[PDB]
Every structure is written in structure tokens, then in C-alpha cells.
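Engineer: File follows, data-v7.pdb with PDB, C-alpha atoms:
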ATOM      1  CA  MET Q   1      17.259  66.816  81.234  1.00  0.00           C
ATOM      2  CA  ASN Q   2      14.249  67.392  83.499  1.00  0.00           C
ATOM      3  CA  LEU Q   3      14.566  69.519  86.608  1.00  0.00           C
ATOM      4  CA  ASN Q   4      13.811  67.543  89.744  1.00  0.00           C
ATOM      5  CA  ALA Q   5      13.405  67.928  93.482  1.00  0.00           C
ATOM      6  CA  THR Q   6      16.971  66.598  93.475  1.00  0.00           C
ATOM      7  CA  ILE Q   7      17.999  70.247  93.160  1.00  0.00           C
ATOM      8  CA  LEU Q   8      16.805  70.781  96.725  1.00  0.00           C
ATOM      9  CA  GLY Q   9      17.805  67.400  98.113  1.00  0.00           C
ATOM     10  CA  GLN Q  10      21.389  68.111  97.090  1.00  0.00           C
ATOM     11  CA  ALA Q  11      21.468  71.649  98.496  1.00  0.00           C
ATOM     12  CA  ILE Q  12      21.143  70.051 101.933  1.00  0.00           C
ATOM     13  CA  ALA Q  13      24.079  67.659 101.609  1.00  0.00           C
ATOM     14  CA  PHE Q  14      26.147  70.446 100.065  1.00  0.00           C
ATOM     15  CA  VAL Q  15      25.616  73.158 102.671  1.00  0.00           C
ATOM     16  CA  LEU Q  16      26.030  70.673 105.513  1.00  0.00           C
ATOM     17  CA  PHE Q  17      29.175  69.094 104.074  1.00  0.00           C
ATOM     18  CA  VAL Q  18      30.668  72.594 104.008  1.00  0.00           C
ATOM     19  CA  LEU Q  19      30.128  73.004 107.748  1.00  0.00           C
ATOM     20  CA  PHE Q  20      31.233  69.524 108.806  1.00  0.00           C
ATOM     21  CA  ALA Q  21      34.462  70.241 106.945  1.00  0.00           C
ATOM     22  CA  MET Q  22      34.856  73.866 108.044  1.00  0.00           C
ATOM     23  CA  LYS Q  23      34.297  73.364 111.775  1.00  0.00           C
ATOM     24  CA  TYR Q  24      36.586  70.321 112.063  1.00  0.00           C
ATOM     25  CA  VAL Q  25      39.098  70.078 109.160  1.00  0.00           C
ATOM     26  CA  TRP Q  26      40.089  73.496 107.854  1.00  0.00           C
ATOM     27  CA  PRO Q  27      41.290  75.370 110.976  1.00  0.00           C
ATOM     28  CA  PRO Q  28      43.018  72.157 112.102  1.00  0.00           C
ATOM     29  CA  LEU Q  29      45.002  71.671 108.896  1.00  0.00           C
ATOM     30  CA  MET Q  30      45.897  75.355 108.928  1.00  0.00           C
ATOM     31  CA  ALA Q  31      46.992  74.994 112.547  1.00  0.00           C
ATOM     32  CA  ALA Q  32      49.380  72.230 111.557  1.00  0.00           C
ATOM     33  CA  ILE Q  33      50.847  74.729 109.074  1.00  0.00           C
ATOM     34  CA  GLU Q  34      50.989  77.939 111.103  1.00  0.00           C
ATOM     35  CA  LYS Q  35      52.423  76.107 114.107  1.00  0.00           C
ATOM     36  CA  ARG Q  36      55.352  75.065 111.883  1.00  0.00           C
ATOM     37  CA  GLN Q  37      55.767  78.507 110.320  1.00  0.00           C
ATOM     38  CA  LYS Q  38      56.083  80.003 113.796  1.00  0.00           C
ATOM     39  CA  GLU Q  39      59.016  77.627 114.261  1.00  0.00           C
ATOM     40  CA  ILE Q  40      60.613  78.267 110.878  1.00  0.00           C
ATOM     41  CA  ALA Q  41      60.772  81.946 111.829  1.00  0.00           C
ATOM     42  CA  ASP Q  42      62.648  81.339 115.090  1.00  0.00           C
ATOM     43  CA  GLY Q  43      65.712  79.667 113.596  1.00  0.00           C
ATOM     44  CA  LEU Q  44      66.232  82.615 111.270  1.00  0.00           C
ATOM     45  CA  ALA Q  45      65.760  85.232 113.976  1.00  0.00           C
ATOM     46  CA  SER Q  46      68.265  83.184 115.977  1.00  0.00           C
ATOM     47  CA  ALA Q  47      70.896  83.029 113.250  1.00  0.00           C
ATOM     48  CA  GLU Q  48      70.653  86.761 112.575  1.00  0.00           C
ATOM     49  CA  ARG Q  49      70.689  87.933 116.192  1.00  0.00           C
ATOM     50  CA  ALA Q  50      73.558  85.522 116.846  1.00  0.00           C
ATOM     51  CA  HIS Q  51      75.593  87.014 114.021  1.00  0.00           C
ATOM     52  CA  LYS Q  52      74.892  90.392 115.616  1.00  0.00           C
TER      53      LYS Q  52
ATOM     54  CA  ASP H  53      74.696  79.697 116.695  1.00  0.00           C
ATOM     55  CA  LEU H  54      72.321  80.862 119.410  1.00  0.00           C
ATOM     56  CA  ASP H  55      74.545  78.867 121.771  1.00  0.00           C
ATOM     57  CA  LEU H  56      77.732  80.185 120.168  1.00  0.00           C
ATOM     58  CA  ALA H  57      76.544  83.766 120.667  1.00  0.00           C
ATOM     59  CA  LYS H  58      77.128  83.243 124.397  1.00  0.00           C
ATOM     60  CA  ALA H  59      79.698  80.460 124.646  1.00  0.00           C
ATOM     61  CA  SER H  60      82.252  82.203 122.423  1.00  0.00           C
ATOM     62  CA  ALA H  61      81.181  85.813 122.915  1.00  0.00           C
ATOM     63  CA  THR H  62      81.830  85.587 126.651  1.00  0.00           C
ATOM     64  CA  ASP H  63      85.237  84.024 126.002  1.00  0.00           C
ATOM     65  CA  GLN H  64      86.295  86.712 123.535  1.00  0.00           C
ATOM     66  CA  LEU H  65      85.164  89.281 126.096  1.00  0.00           C
ATOM     67  CA  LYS H  66      86.962  87.567 128.987  1.00  0.00           C
ATOM     68  CA  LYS H  67      90.238  87.128 127.116  1.00  0.00           C
ATOM     69  CA  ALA H  68      90.162  90.756 126.008  1.00  0.00           C
ATOM     70  CA  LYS H  69      89.399  91.777 129.604  1.00  0.00           C
ATOM     71  CA  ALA H  70      92.270  89.822 131.114  1.00  0.00           C
ATOM     72  CA  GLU H  71      94.735  91.105 128.535  1.00  0.00           C
ATOM     73  CA  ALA H  72      93.442  94.675 128.850  1.00  0.00           C
ATOM     74  CA  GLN H  73      94.224  94.586 132.556  1.00  0.00           C
ATOM     75  CA  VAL H  74      97.522  92.664 132.418  1.00  0.00           C
ATOM     76  CA  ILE H  75      98.810  95.174 129.887  1.00  0.00           C
ATOM     77  CA  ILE H  76      98.375  97.637 132.746  1.00  0.00           C
ATOM     78  CA  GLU H  77      99.881  95.138 135.181  1.00  0.00           C
ATOM     79  CA  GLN H  78     103.076  95.183 133.126  1.00  0.00           C
ATOM     80  CA  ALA H  79     102.779  98.966 132.839  1.00  0.00           C
ATOM     81  CA  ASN H  80     102.525  99.272 136.635  1.00  0.00           C
ATOM     82  CA  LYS H  81     105.629  97.121 136.936  1.00  0.00           C
ATOM     83  CA  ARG H  82     107.316  99.539 134.538  1.00  0.00           C
ATOM     84  CA  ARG H  83     106.308 102.636 136.485  1.00  0.00           C
ATOM     85  CA  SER H  84     107.656 100.915 139.594  1.00  0.00           C
ATOM     86  CA  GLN H  85     110.955 100.592 137.755  1.00  0.00           C
ATOM     87  CA  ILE H  86     110.842 104.235 136.684  1.00  0.00           C
ATOM     88  CA  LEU H  87     110.028 105.732 140.081  1.00  0.00           C
ATOM     89  CA  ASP H  88     112.648 103.561 141.739  1.00  0.00           C
ATOM     90  CA  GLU H  89     115.291 104.775 139.307  1.00  0.00           C
ATOM     91  CA  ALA H  90     114.166 108.400 139.653  1.00  0.00           C
ATOM     92  CA  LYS H  91     115.386 108.391 143.256  1.00  0.00           C
ATOM     93  CA  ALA H  92     118.235 105.940 142.731  1.00  0.00           C
ATOM     94  CA  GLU H  93     120.052 108.250 140.318  1.00  0.00           C
ATOM     95  CA  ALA H  94     119.005 111.552 141.882  1.00  0.00           C
ATOM     96  CA  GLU H  95     120.710 110.663 145.152  1.00  0.00           C
ATOM     97  CA  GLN H  96     123.967 109.805 143.376  1.00  0.00           C
ATOM     98  CA  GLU H  97     123.840 113.152 141.620  1.00  0.00           C
ATOM     99  CA  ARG H  98     123.225 114.807 144.984  1.00  0.00           C
ATOM    100  CA  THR H  99     126.335 113.138 146.374  1.00  0.00           C
ATOM    101  CA  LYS H 100     128.238 114.528 143.395  1.00  0.00           C
ATOM    102  CA  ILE H 101     126.835 118.061 143.550  1.00  0.00           C
ATOM    103  CA  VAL H 102     127.648 118.461 147.249  1.00  0.00           C
ATOM    104  CA  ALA H 103     131.091 116.938 146.854  1.00  0.00           C
ATOM    105  CA  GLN H 104     131.762 119.500 144.132  1.00  0.00           C
TER     106      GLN H 104
END
Output the structure of this file as C-alpha cells.
Structural biologist:
Amino acid sequence: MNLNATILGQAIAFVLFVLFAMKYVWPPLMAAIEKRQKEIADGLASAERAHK
Amino acid sequence: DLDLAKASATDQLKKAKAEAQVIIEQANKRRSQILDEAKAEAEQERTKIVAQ
């Protein structure tokens, strides 16, 4: 259809949505993962060193 | 298993320790027997040799 100023109005909401998700959702939901992986590793290092 | 690796390891070690030393306790008893007998018979043979 016809190009419209909407192209610029939406670039705002886009770029800002990216930050208000990045700064407060992404590192948190990766923290909830990594903090469990750090634990999954310990049980295995236990079992192996205990066999030894 | 990370509890086992102490609770049972130390007991295997202790039992082996105690038996490793009481083997030698019996062996010391045996050398007591031997070095008693070494004199006990030698003196009888002396009392034969000088009666001869």
C-alpha cells in the first residue's frame, strides 16, 4: 500500500521494546538457567570423584 | 556417594589398619615363643654335652 509515517512511529516502539526486554528479562531468564547448570555439574563431579 | 567416599573409605582403611597391625601382634607372640624355645632347648643340650 502507501508508505506512511507509521514506518517511523513503529521504529520507536520496536527499538525500545528491545531494551525493556534486554535489560530486565533476558539476563534474568538466562540466570535461572546457568544457576541450575552450575548445580547439575556438581553432582557429576561428586559421583566421579567419589568413585575415585 | 560423596558421603560414602568418607564414611566407608575410612572404615575400609581402619579395618585394614587394625588387621595389618594385629597380624604383627600374632607374629610378635610367635617370636616370643621362638626365642623362649631357643634357650629352653639349648640349656638341655648343654646339660647333655657336659654330662657326656
Engineer: Written as an mmCIF file with C-alpha atoms, in the frame of the given file, what is the full residue list that the ChimeraX specification (/Q :<10) & /H yields on the file shown?
Structural biologist:
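Output (expr-v6.cif):
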data_model
loop_
_atom_site.group_PDB
_atom_site.id
_atom_site.type_symbol
_atom_site.label_atom_id
_atom_site.label_comp_id
_atom_site.auth_asym_id
_atom_site.auth_seq_id
_atom_site.Cartn_x
_atom_site.Cartn_y
_atom_site.Cartn_z
ATOM 1 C CA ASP H 53 74.696 79.697 116.695
ATOM 2 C CA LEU H 54 72.321 80.862 119.410
ATOM 3 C CA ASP H 55 74.545 78.867 121.771
ATOM 4 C CA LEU H 56 77.732 80.185 120.168
ATOM 5 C CA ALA H 57 76.544 83.766 120.667
ATOM 6 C CA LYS H 58 77.128 83.243 124.397
ATOM 7 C CA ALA H 61 81.181 85.813 122.915
#
Engineer: What's the separation between CA of residue 71 in chain H and CA of residue 90 in chain H, in Å to one decimal place?
Structural biologist: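 So the two atoms, CA of residue 71 in chain H and CA of residue 90 in chain H, lie 28.3 Å apart.
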Engineer: Could you state the separation of CA of residue 63 in chain H and CA of residue 82 in chain H in Å, given to one decimal place?
Structural biologist: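 Interatomic distance, CA of residue 63 in chain H to CA of residue 82 in chain H: 28.3 Å.
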Engineer: CA of residue 60 in chain H and CA of residue 72 in chain H, how far apart in Å?
Structural biologist: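 About the pair CA of residue 72 in chain H and CA of residue 60 in chain H: they are 17.9 Å apart.
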